[PDB]
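Student: Okay, here's the structure, questions in a sec.
We did not get these values from a lab; they are worked out from the coordinates using the rules stated.
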Amino acid sequence: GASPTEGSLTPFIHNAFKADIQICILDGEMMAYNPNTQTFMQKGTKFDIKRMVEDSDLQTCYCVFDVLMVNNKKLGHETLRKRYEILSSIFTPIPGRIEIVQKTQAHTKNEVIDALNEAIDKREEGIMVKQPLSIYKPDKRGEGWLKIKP
DNA sequence: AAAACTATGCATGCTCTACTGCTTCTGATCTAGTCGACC
């Protein structure tokens, strides 16, 4: 949906943005949410989030992890911490339709292994790590973002 | 009493209108495969 009147995810989150924010760019991941369990349907069997069938009870959820512009302010060159803080003041999350990915501060390896073990326990792919001072470099790989899997 | 004209019933041919069977076109359904984009 390109307008609040008609869409599959936008008609519900039109009014989820604080009044001050008028121009806003966000980056995130789109996934499928099962409400009867209140759990995210892991990608794979029984559904594709690209061409979901209307009759299905599953719905679309947007998990945000970055902001690149708010009220004609260019946040590309700022540090990750600042972008996170500004992101916290964009929308009031409304579970099931738009959310912010939680990030935990960690400064030891035991924490990383604990997180990976817990992720495997919750049947997730893995865990990723972000450098607090990393800048957004479009199209580049392995600059401030790292991923870890079993 | 005999001959000529006319009426009516039936035979014959032709043409026109139902009803059954064969062939071909169209529509609806299923099954198999292809393309888009992502991960």
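Student: Consider all pairwise Cα distances in chain A and report the whole-number % of them above 28 Å. Write out the running numbers ahead of the final one.
Tutor: Numbers: 3242 of 11175 pairs.
Across chain A, Cα pairs with separations above 28 Å total 29 percent.
Student: Among DSSP beta bridges lying fully in chain A, give the percent that are antiparallel, nearest 5.
Tutor: Details: 21 of 24 bridges.
Restricted to chain A, the bridges split so that about 90 percent are antiparallel.
Student: Looking only at A:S134, A:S88, A:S56, which one moves most when chain A is put into a Gaussian network model with springs between Cα atoms under 10 Å?
Tutor: Fluctuation is largest for A:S56.
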